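Engineer: Sequence first, structure after, both from an experimental entry:
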Amino acid sequence: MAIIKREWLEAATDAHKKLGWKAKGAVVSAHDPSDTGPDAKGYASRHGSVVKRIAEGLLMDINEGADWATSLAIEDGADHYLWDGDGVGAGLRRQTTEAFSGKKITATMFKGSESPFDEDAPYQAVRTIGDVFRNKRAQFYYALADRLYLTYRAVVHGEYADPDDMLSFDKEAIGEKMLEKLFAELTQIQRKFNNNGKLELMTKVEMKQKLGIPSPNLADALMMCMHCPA
């Protein structure tokens, strides 16, 4: 039921160096908050198709976490910042906009439970995006999985892909330890059965309660940065 293969992640590590392209596009950053207790918070940032930061936020309350993550976004030169507003982060818009006062950084609340972005458009690569994906959580995790698979095929099988459709992890920038923590979370993201034939993923709560998997906040942060708001 897992949606991302470890081999794709290994291939995608420094794929831009392996294939000879560099980061181009906006800088997109995202934060997965957590209450105040056991589970580390998450942050991810990319410059175009190259991931440059994966960070864990430890021993922080919800507001300290948002300060931490928005400060990283500023440090990373983000053009866009997203955060999870489905849970305890639902109240963070004021603090987030305050943090970005006077800076050209957009702030977007991501709610994975919502119907997919652009759900009436045809599905690519009569069937629409909304027929395929239950919600944004599924849509953007599959955006991630699709980028990774294409990168694997390019790096390992020599099949051309546009760098804009791939994803590379900058290992030197991110750091080996944090990259490994991310990969260990990503390989646990899984599909669940859906009675309307749509792609749907387990939520963080379900993963913990059913499989004893700690909240994958690094993975979810990276997933959210797949959406570049319009």
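Structural biologist: Arrived safely, thanks for sending. Numbers count the residues shown, from 1 in each chain.
Engineer: What helices and strands are in contact with the lengthiest helix in the chain?
Structural biologist: Secondary structure of the chain per DSSP state H: the longest helix is helix 136-157. The helices and strands touching helix 136-157, judged by 3 or more CB pairs under 8 Å, 6 or more residues apart in numbering; DSSP states H and E, are helix 6-12, helix 15-19, helix 217-224. To be clear about C-beta, it is placed using only N, CA and C from the backbone, and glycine gets the same treatment.
Engineer: Return the most buried member of those.
Structural biologist: helix 217-224 (a mean of 27; mean count of other CB atoms under 10 Å).
Engineer: Just the CA coordinates for stretch 41-57, please, in PDB.
Structural biologist: The C-alpha coordinates for stretch 41-57 follow below in PDB (Å, rounded to 0.1, in the frame of the first residue of the first chain):
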ATOM      1  CA  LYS A  41       7.300  19.600  13.900                       C
ATOM      2  CA  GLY A  42       8.300  19.700  10.300                       C
ATOM      3  CA  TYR A  43       9.600  22.100   7.700                       C
ATOM      4  CA  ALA A  44      10.600  21.600   4.100                       C
ATOM      5  CA  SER A  45      11.900  24.000   1.400                       C
ATOM      6  CA  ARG A  46      12.700  23.700  -2.300                       C
ATOM      7  CA  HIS A  47      14.000  26.000  -5.000                       C
ATOM      8  CA  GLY A  48      12.100  24.800  -8.100                       C
ATOM      9  CA  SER A  49      12.700  21.000  -8.300                       C
ATOM     10  CA  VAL A  50      15.600  20.900  -5.900                       C
ATOM     11  CA  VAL A  51      14.900  20.300  -2.100                       C
ATOM     12  CA  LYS A  52      17.300  22.400   0.000                       C
ATOM     13  CA  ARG A  53      16.100  22.100   3.600                       C
ATOM     14  CA  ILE A  54      14.400  19.500   5.700                       C
ATOM     15  CA  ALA A  55      14.100  20.500   9.400                       C
ATOM     16  CA  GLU A  56      12.700  19.200  12.600                       C
ATOM     17  CA  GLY A  57      11.200  21.500  15.300                       C
END
